[PDB]
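Undergrad: One structure, pasted below without further comment.
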Amino acid sequence: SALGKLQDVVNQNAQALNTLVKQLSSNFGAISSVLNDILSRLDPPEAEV
Amino acid sequence: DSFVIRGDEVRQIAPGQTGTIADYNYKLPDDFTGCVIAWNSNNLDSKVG
């Protein structure tokens, strides 16, 4: 634990990147989190929503 | 744009509708602005034969 200050910064940056990438898997109330699935399953009036 | 259609087809003169005259006769855009006007014309556009 001598080098904890640098490792803390590295861990925080990697965790922020992992969280930002992970947030793509969330649908945020939509039917799916995949854009291709929505574009292939629905008409543009509701796919737009 | 003036035409004569059936009574059940007046729902198809709208953005984002699936239907027959919507696809092959008269299509409205999704960003359509304006008014659709429909009235019964059985006394004028109909014959007993």
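Ligands are numbered from 1 in the order shown, residues from 1 within each chain, and chains are lettered A, B, ... in the order they appear in the structure tokens.
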Give as a PyMOL selection string every residue of chain B that touches chain A within 12 Å, counting only C-alpha atoms.
TA: chain B and resi 14-18+29-31
Undergrad: Take the residues from that selection and write them out as a PDB file, in the first residue's frame, keeping N, CA, C and O atoms.
TA:
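Result written to selection.pdb:
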ATOM      1  N   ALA B  14     -53.103  10.070 -42.128  1.00  0.00           N
ATOM      2  CA  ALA B  14     -52.421  10.457 -40.899  1.00  0.00           C
ATOM      3  C   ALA B  14     -50.945  10.092 -40.992  1.00  0.00           C
ATOM      4  O   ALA B  14     -50.585   9.165 -41.730  1.00  0.00           O
ATOM      5  N   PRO B  15     -50.063  10.810 -40.295  1.00  0.00           N
ATOM      6  CA  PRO B  15     -48.669  10.364 -40.195  1.00  0.00           C
ATOM      7  C   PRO B  15     -48.545   9.052 -39.435  1.00  0.00           C
ATOM      8  O   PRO B  15     -49.284   8.789 -38.483  1.00  0.00           O
ATOM      9  N   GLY B  16     -47.593   8.228 -39.870  1.00  0.00           N
ATOM     10  CA  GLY B  16     -47.240   7.010 -39.168  1.00  0.00           C
ATOM     11  C   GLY B  16     -48.265   5.901 -39.179  1.00  0.00           C
ATOM     12  O   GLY B  16     -48.218   5.023 -38.314  1.00  0.00           O
ATOM     13  N   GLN B  17     -49.194   5.909 -40.129  1.00  0.00           N
ATOM     14  CA  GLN B  17     -50.211   4.873 -40.213  1.00  0.00           C
ATOM     15  C   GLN B  17     -49.761   3.759 -41.150  1.00  0.00           C
ATOM     16  O   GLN B  17     -49.081   4.000 -42.150  1.00  0.00           O
ATOM     17  N   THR B  18     -50.150   2.533 -40.816  1.00  0.00           N
ATOM     18  CA  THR B  18     -50.069   1.420 -41.748  1.00  0.00           C
ATOM     19  C   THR B  18     -51.448   1.123 -42.323  1.00  0.00           C
ATOM     20  O   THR B  18     -52.443   1.075 -41.594  1.00  0.00           O
ATOM     21  N   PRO B  29     -46.281  12.780 -44.516  1.00  0.00           N
ATOM     22  CA  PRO B  29     -44.988  12.673 -43.834  1.00  0.00           C
ATOM     23  C   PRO B  29     -45.149  12.678 -42.322  1.00  0.00           C
ATOM     24  O   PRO B  29     -46.199  13.021 -41.778  1.00  0.00           O
ATOM     25  N   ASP B  30     -44.077  12.260 -41.642  1.00  0.00           N
ATOM     26  CA  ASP B  30     -44.086  12.240 -40.182  1.00  0.00           C
ATOM     27  C   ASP B  30     -44.078  13.645 -39.591  1.00  0.00           C
ATOM     28  O   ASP B  30     -44.627  13.862 -38.504  1.00  0.00           O
ATOM     29  N   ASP B  31     -43.464  14.605 -40.284  1.00  0.00           N
ATOM     30  CA  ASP B  31     -43.465  16.008 -39.885  1.00  0.00           C
ATOM     31  C   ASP B  31     -44.555  16.810 -40.587  1.00  0.00           C
ATOM     32  O   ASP B  31     -44.360  17.997 -40.879  1.00  0.00           O
TER      33      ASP B  31
END
Undergrad: Could you find all residues in chain B that DSSP calls alpha helix (DSSP H) from the backbone, and write them as a PyMOL selection string?
TA: chain B and resi 20-24
Undergrad: Convert the current residue selection to file output with C-alpha atoms, as an mmCIF file, in the first residue's frame.
TA:
data_model
loop_
_atom_site.group_PDB
_atom_site.id
_atom_site.type_symbol
_atom_site.label_atom_id
_atom_site.label_comp_id
_atom_site.auth_asym_id
_atom_site.auth_seq_id
_atom_site.Cartn_x
_atom_site.Cartn_y
_atom_site.Cartn_z
ATOM 1 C CA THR B 20 -53.525 0.587 -48.019
ATOM 2 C CA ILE B 21 -54.208 4.079 -49.366
ATOM 3 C CA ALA B 22 -51.500 5.324 -46.988
ATOM 4 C CA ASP B 23 -48.917 3.161 -48.763
ATOM 5 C CA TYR B 24 -50.089 3.017 -52.384
#
Undergrad: Please list as a count of residues only every residue within 12 Å of residue 36 (chain B), counting only C-alpha atoms and excluding residues in the same chain fewer than 4 positions away.
TA: 11
Undergrad: Find the distance between CA of residue 45 (chain B) and CA of residue 6 (chain B) and write it in Å to one decimal.
TA: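 Rounded to one decimal, the two atoms are 11.0 Å apart.
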Undergrad: With region 6-18 of chain A as the partner and 12 Å as the cut-off, tabulate the residues of region 23-42 of chain A that qualify, each row holding the nearest pair of atoms and their distance in Å to one decimal, using only C-alpha atoms, sorted by chain and rising number, as CSV.
TA:
residue,atom,partner,partner_atom,distance
A:23,CA,A:18,CA,8.6
A:24,CA,A:18,CA,10.4
A:25,CA,A:18,CA,11.5
Undergrad: Figure out the distance between CA of residue 7 (chain B) and CA of residue 34 (chain B), please, to one decimal in Å.
TA: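 According to the coordinates, CA of residue 34 (chain B) and CA of residue 7 (chain B) are separated by 20.6 Å.
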Undergrad: Grab the CA of residue 26 (chain B) to CA of residue 9 (chain B) distance for me, in Å with one decimal place.
TA: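 Going from CA of residue 26 (chain B) over to CA of residue 9 (chain B) covers 11.3 Å.
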